[PDB]
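What follows is a single structure, written as structure tokens, with notes after it.
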Amino acid sequence: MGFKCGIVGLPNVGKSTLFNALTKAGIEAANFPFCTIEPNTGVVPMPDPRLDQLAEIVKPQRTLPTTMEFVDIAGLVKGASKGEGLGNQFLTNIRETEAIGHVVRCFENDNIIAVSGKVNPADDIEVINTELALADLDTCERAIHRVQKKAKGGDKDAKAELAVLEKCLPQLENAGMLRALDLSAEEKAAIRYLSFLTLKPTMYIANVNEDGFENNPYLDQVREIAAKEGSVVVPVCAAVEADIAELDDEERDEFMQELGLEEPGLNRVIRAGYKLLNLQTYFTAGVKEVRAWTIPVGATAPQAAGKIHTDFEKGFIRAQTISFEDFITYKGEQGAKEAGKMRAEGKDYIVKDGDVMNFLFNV
Amino acid sequence: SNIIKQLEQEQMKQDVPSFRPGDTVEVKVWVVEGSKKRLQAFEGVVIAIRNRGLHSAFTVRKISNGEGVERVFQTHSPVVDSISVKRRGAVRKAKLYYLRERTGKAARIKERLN
Amino acid sequence: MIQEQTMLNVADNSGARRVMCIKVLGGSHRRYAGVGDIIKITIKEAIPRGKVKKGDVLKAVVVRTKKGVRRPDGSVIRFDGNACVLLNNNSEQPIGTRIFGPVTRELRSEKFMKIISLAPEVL
RNA sequence: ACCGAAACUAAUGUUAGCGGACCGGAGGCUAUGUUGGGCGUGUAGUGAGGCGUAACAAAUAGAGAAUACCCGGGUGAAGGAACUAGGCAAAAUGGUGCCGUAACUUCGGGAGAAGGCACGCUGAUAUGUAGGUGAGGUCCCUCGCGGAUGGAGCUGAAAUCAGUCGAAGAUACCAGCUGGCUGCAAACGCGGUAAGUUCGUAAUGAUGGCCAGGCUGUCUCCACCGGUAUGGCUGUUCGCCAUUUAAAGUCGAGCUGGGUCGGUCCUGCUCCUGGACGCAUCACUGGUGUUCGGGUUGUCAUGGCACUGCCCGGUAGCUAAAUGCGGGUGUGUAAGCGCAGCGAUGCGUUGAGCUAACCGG
Ligand SMILES: [Mg+2]
Ligand SMILES: [Mg+2]
Ligand SMILES: [Mg+2]
Ligand SMILES: [Mg+2]
Ligand SMILES: [Mg+2]
Ligand SMILES: [Mg+2]
Ligand SMILES: [Mg+2]
Ligand SMILES: [Mg+2]
Ligand SMILES: [Mg+2]
Ligand SMILES: [Mg+2]
Ligand SMILES: [Mg+2]
Ligand SMILES: [Mg+2]
Ligand SMILES: [Mg+2]
Ligand SMILES: [Mg+2]
Ligand SMILES: [Mg+2]
Ligand SMILES: [Mg+2]
Ligand SMILES: [Mg+2]
Ligand SMILES: [Mg+2]
Ligand SMILES: [Mg+2]
Ligand SMILES: [Mg+2]
Ligand SMILES: [Mg+2]
Ligand SMILES: [Mg+2]
Ligand SMILES: [Mg+2]
Ligand SMILES: [Mg+2]
Ligand SMILES: [Mg+2]
Ligand SMILES: [Mg+2]
Ligand SMILES: [Mg+2]
Ligand SMILES: [Mg+2]
Ligand SMILES: [Mg+2]
Ligand SMILES: [Mg+2]
């Protein structure tokens, strides 16, 4: 399974070019095992300085970078959340994902014409959020119908579930977001399985002109809303990302130096989606390959190893986990052994980001 | 007094719609920021109406962002731009203060279908 | 209308869950604090891994009161509970990074424009 | 042993609580109630009663002989013990059923621990069920105040499902506050707070101390019917401490009674508008509003009574927390009639009826 952030948004905002250039960033699956490309399943790789910095010392034969997964949520009409077939399909396509990336056109363009005719991030954002809010209203009303009769039966767990649902309901009736509520961790636990749509974190993908990265009223409104909802933003230019997709390495370097961009905004979307879900990556060092491995934050060494192979979990005994600072500054594994910066990590320690590790199992 | 009646009458709004306790209403009020002036919408259940001519007021209760908010509008003040009844509720009290104890399911008000 | 010993819920993500007003700042014998007033608070309940600890003493700005605020036209806005936003004891800036629930325009002073910008809804 | 009818606290000068345990408790039988329409004999068990000379229930509702009906209280915005020696007093809890119940333990307890859910009415199951009672008739009979059968009639829970009304169904009265630590005494065995002057032993205690949840007019601060801190500790003055501030400068024929374990009395702040105090007012926001309207429990005859029975609202007035310096109002669709429904009830008439102190005549 992949940690997935569905790309949603209104039509004629520049999302099409955006995920086209995102797919163009994807690697050909002819060399990566188990990688199957559905036309809308966008599996994109990690431009990672850490892994090549490791490879500068470990010097592996190949490199296996980790990748994330994206869903293009295409096809949208107003009023879709009343249970229409296309509305159900849109809602289901969002449901199976883990986070939401909402795209907002933030650049003036008379050749890109919208249904409103007026460029306004606020009302477009409000429209799509109201759609998802009505969907979650339907889901939530079904939920209280299911749970109130159980809680009347004395079930304390269903009681707490009922309290959380009753606090959620007026937000959805008010077409409001569940992320705007002060919900504690156990309330999140209680209503995690209902998979509330507005509850998942969102990243505001603001499509803007090349020269409009600043001094932009549309960016101003997007930033304001993202601050209010505690969501993050990422400013991108469809033309710039499309060119980066259309250019090979040296001409891409030339173009990024032309525009004064230290690193492209597609990398920013990658990092936003990656860090939004509270997940990290560690590194395994080898002569065959140094591989970056993606786990949720807090997953143990046995659990991360089982994510590799179940024998590495069940038989796990100990791991030699090295912090990346002590790994780099002492120039590789042998320098680490000479400095003694290793960790004989057992099963209970929580994996930290980027730690160079070696896994020992017994099956 | 006739004097105060005349003074108040020449100030009263003419287009105040009919609404009753239990009605969900949306009250469009004026918010003045810097110099610009815009409409802000407060939609909620009318839980109380005070009828005193120019001094008529009504209380609207909503659950905004998981927090109960009651706003008491002065019916004839210019700050209240408009009132629109979005739903007619069927209650029997004149003052629905008991909704201050209600949450979600118990807070539904039957629709006055007539 | 908050006084000493009044227990307020917390309207930000700073980790405090309930705080108690131990002082109404800004005047000798000052009885009460309404919306927009700085109070001195102790923290009675906090989430275990929050930015603030149980028993810390710091400041807060009252943002919602049951007693409510009056508007120049005679309107009153009342909330179901008293809520405050925790403030750094010295800089008097918010300690949390998000604000929960509505606030009122009486906060719209240069002192608290951060809270206004982060608030879900300003009444 | 437990809860609860028939001298621990406070106020007043008995009342409300408390410990042990307009009044109208001032198997068979029977009294008696509800509903319907002495002698003789010698019975259940010497011996009630019955019989001779209608049934049922059984020694209004309720378990009941409780209870209700036949300065002293009420309410209170926001806060919620900041009061104080001390939560004193008040507020609160409060029933039944089911679920659930920790440490510890002398294995009984703790325990009603704590905590959670349901509760009205109507209909159906079932034209009144399970159960109780038990006529006639039938049969038997050592033949009677007998036995068996039989179920008429009477009484009758409790439960489920469905419906339905209110804000609220243990609706009134009645009716545990709960939890944590600890001293002492029963037999028995051998850190907390922002701030804190405060030999064991289960159970028990109107016992001493401390803490917490709830609750609250105890208090901020009471309302209605020139300036010159607040708190924790302590009896403290003081003092330290927490946090403020411009600053915290150097009286018991008024109250209390802690001391002497228990024990009679004006200016801040911001930029280049606030705090505190005082006066006035009620237009606004509200409180009160036992004189207005409504809901509802029990009972008695729409009304009385039950704290205004309990409540929900609320006019005027008063008021602070508020702000200056015929109609109207309130309540919320009366009654009656009609319709739907088996019925509770809903709907129409109908925003009806009623409407105090208000306004205009
Ligand atoms: Mg006894
Ligand atoms: Mg005595
Ligand atoms: Mg005396
Ligand atoms: Mg007595
Ligand atoms: Mg006893
Ligand atoms: Mg007793
Ligand atoms: Mg008799
Ligand atoms: Mg009596
Ligand atoms: Mg009282
Ligand atoms: Mg009060
Ligand atoms: Mg109150
Ligand atoms: Mg409280
Ligand atoms: Mg004290
Ligand atoms: Mg004191
Ligand atoms: Mg007492
Ligand atoms: Mg009492
Ligand atoms: Mg001692
Ligand atoms: Mg004793
Ligand atoms: Mg204390
Ligand atoms: Mg100490
Ligand atoms: Mg005083
Ligand atoms: Mg004394
Ligand atoms: Mg005296
Ligand atoms: Mg008046
Ligand atoms: Mg009032
Ligand atoms: Mg009253
Ligand atoms: Mg009488
Ligand atoms: Mg009376
Ligand atoms: Mg009487
Ligand atoms: Mg009537």
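By convention in this document, chain letters (A, B, ...) are assigned in the order of the sequence lines, proteins followed by strands, and residues within each chain are numbered from 1.
Of all nucleotides present, none satisfies the Watson-Crick or G-U wobble test against D:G45 with each distance under 3.5 Å. Of the nucleotides present, D:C121 is the one that pairs with D:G163 by Watson-Crick or G-U wobble criteria, both distances under 3.5 Å. When both pairing distances are held under 3.5 Å, D:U32 makes a Watson-Crick or G-U pair with D:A57. In this entry D:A102 has no Watson-Crick or G-U wobble partner, no candidate having both defining distances under 3.5 Å. Across every strand in view, D:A280 sits in a pair with D:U323 that passes the Watson-Crick or G-U test at under 3.5 angstrom. Pairing for D:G196 is absent, with no Watson-Crick or G-U wobble pair whose two atom distances lie under 3.5 Å.
Consecutive residues D:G259 and D:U260 stack, with base ring centres under 5.5 Å apart and planes meeting at under 30°. For the strand neighbours D:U142 and D:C143, base stacking is absent under the 5.5 Å centre-distance and 30-degree plane-angle rule. Using a cut-off of 5.5 angstrom for ring-centre distance and 30 degrees for interplanar angle, D:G343 is classed as stacked on D:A344. Under the 5.5 Å centre and 30° plane thresholds, the six-membered base rings of D:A195 and D:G196 are judged not to be stacked. Legend: unstacked base step between D:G257 and D:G258; six-membered ring centres and planes not within 5.5 Å and 30° respectively.
Between B:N2 and D:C359, a side-chain N or O to OP1/OP2 separation shorter than 4.0 Å is absent. Here C:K40 reaches the OP1 or OP2 of D:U244: one of its side-chain N or O atoms lies under 4.0 Å away. For the OP1/OP2 pair of D:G79 and a distance below 4.0 Å, the side-chain nitrogens and oxygens of C:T6 include no atom meeting the criterion. Checking the phosphate oxygens (OP1, OP2) of D:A194, a side-chain nitrogen or oxygen of C:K44 falls inside 4.0 Å. Distances shown here put a side-chain N or O of B:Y97 below 4.0 Å from the OP1 or OP2 atom of D:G314. Phosphate proximity of D:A321 to C:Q3: absent, as no side-chain N or O sits under 4.0 Å from OP1 or OP2. Phosphate proximity of D:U244 to C:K59: present, with a side-chain N or O under 4.0 Å from OP1 or OP2. Within the 4.0 Å cut-off from OP1 or OP2 of D:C222, not a single side-chain nitrogen or oxygen of C:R31 is found.
Within the 4.0 angstrom heavy-atom criterion, only backbone atoms of the sugar-phosphate kind lie near C:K54; the bases stay farther away. Across all strands, A:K150 comes closer than 4.0 Å to no nucleic acid atom at all (heavy-atom distances). Nucleic acid contact class of B:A57 (heavy atoms, under 4.0 Å, all strands): sugar-phosphate only. Nucleic acid contact class of C:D73 (heavy atoms, under 4.0 Å, all strands): none. Across all strands, A:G153 comes closer than 4.0 Å to no nucleic acid atom at all (heavy-atom distances). Among the heavy atoms of the strands lying under 4.0 Å from A:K159 are primed sugar atoms or P, OP1, OP2 only; no base atom is included. Across all strands shown, B:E101 has no heavy atoms under 4.0 Å from either base or sugar-phosphate atoms. Among the atoms of the strands shown, base atoms are found under 4.0 Å from some heavy atom of C:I22.
Considering only residues two or more places apart in sequence or on other chains, C:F112 meets the side-chain contact (heavy atoms from CB on, under 4.5 Å) condition with C:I38, C:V61, C:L87, C:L107, C:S109, C:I115. For B:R112, the side-chain contact (heavy atoms from CB on, under 4.5 Å) partners two or more places apart in sequence, or in a different chain, are B:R20, B:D23, B:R88, B:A90, B:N114. Residues that satisfy the side-chain contact (heavy atoms from CB on, under 4.5 Å) test with A:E187, not counting sequence neighbours, are A:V164, A:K167, A:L183, A:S184.
Distance, C:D80 CG to D:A77 P: 15 Å, rounded to whole Å. Between the CG atom of C:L25 and the P atom of D:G274 there is a distance of 18 Å, given to the nearest Å.
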Start with the C-alpha distance between A:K352 and A:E345, add both sets of side-chain angles, then the distance that settles salt bridge (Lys or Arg N to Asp or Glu O under 4.0 Å), and finish with yes or no. CA-CA 11 Å; A:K352 187 174 73 175; A:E345 165 165 351; over 6 Å; no
Verdict with reasoning, C:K114 to C:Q93, per side chain to side chain donor-acceptor pair (under 3.5 Å): CA-CA 8 Å; C:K114 182 62 66 68; C:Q93 295 298 109; over 6 Å; no
Criterion salt bridge (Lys or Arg N to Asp or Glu O under 4.0 Å) on C:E4 and C:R30, from CA distance to verdict: CA-CA 10 Å; C:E4 287 164 54; C:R30 184 176 179 179; over 6 Å; no
With side chain to side chain donor-acceptor pair (under 3.5 Å) as the test, would you mind laying out the steps for C:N89 and C:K40 before giving the verdict? CA-CA 8 Å; C:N89 189 359; C:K40 183 70 175 177; 2.9 Å; yes
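Here D:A167 is the nucleotide among D:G116, D:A167, D:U220 with the atom lying nearest to any side-chain atom of B:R102.
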Listed pairs under 3.5 Å, donor-acceptor, residues 11-19 of chain B side chains, sequence neighbours left out:
residue	atom	partner	partner atom	Å
B:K13	NZ	B:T75	O	3.1
B:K13	NZ	B:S77	O	3.0
B:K13	NZ	B:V80	O	2.5

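Not a single donor-acceptor pair, N or O on each side, falls under 3.5 Å between the base of D:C311 and the side chain of B:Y98. For a distance-only test at 3.5 Å, the side chain of C:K23 qualifies as a donor-acceptor partner of the base of D:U230. For C:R70 against D:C284, a side-chain N or O and a base N or O form a donor-acceptor pair under 3.5 Å.
Of all heavy-atom pairs spanning A:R179 and A:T198, the tightest one is NH2-O, 2.9 Å.
With a glycosidic angle no further than 90° from 0, D:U171 counts as syn. Within 90° of 0 lies the glycosidic angle of D:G108, which makes this nucleotide syn. Its glycosidic angle being within 90° of 0, D:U290 falls on the syn side. Base orientation at D:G4 is anti, since its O4'-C1' glycosidic dihedral falls outside 90° of 0. D:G214 shows a glycosidic angle more than 90° from 0 and is accordingly assigned anti.
The one candidate from A:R192, A:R146, A:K150 that meets the salt bridge (charged side-chain N to carboxylate O under 4.0 Å, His left out) condition with A:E161 is A:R146.
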Summarise protein proximity over nucleotides 325-335 of chain D in one line of letters, 5' to 3': B for base, S for sugar-phosphate only, - for none, counting protein heavy atoms closer than 4.0 Å. ----SSSBB--
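Side chain to side chain, C:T97 and C:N13 meet the donor-acceptor criterion of an N or O pair below 3.5 Å.
For the pair B:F42/B:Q40, no side-chain contact is recorded, criterion being any heavy-atom separation below 4.5 Å from C-beta on. With a 4.5 Å cut-off on side-chain heavy atoms, B:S56 and B:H76 count as touching.
A canonical Watson-Crick pair (purine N1 to pyrimidine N3 plus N6-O4 or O6-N4) or a G-U wobble (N1-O2 and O6-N3), each contact under 3.5 Å, is absent between D:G200 and D:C251.
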Could you run down the sub-3.5 Å N/O contacts of the protein with nucleotides 246-248 of chain D?
residue	atom	partner	partner atom	Å
D:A248	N1	C:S28	OG	2.5

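For C:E4, the minor groove is the one with a base atom closer than 5.0 Å to a side-chain heavy atom; the major groove has none.
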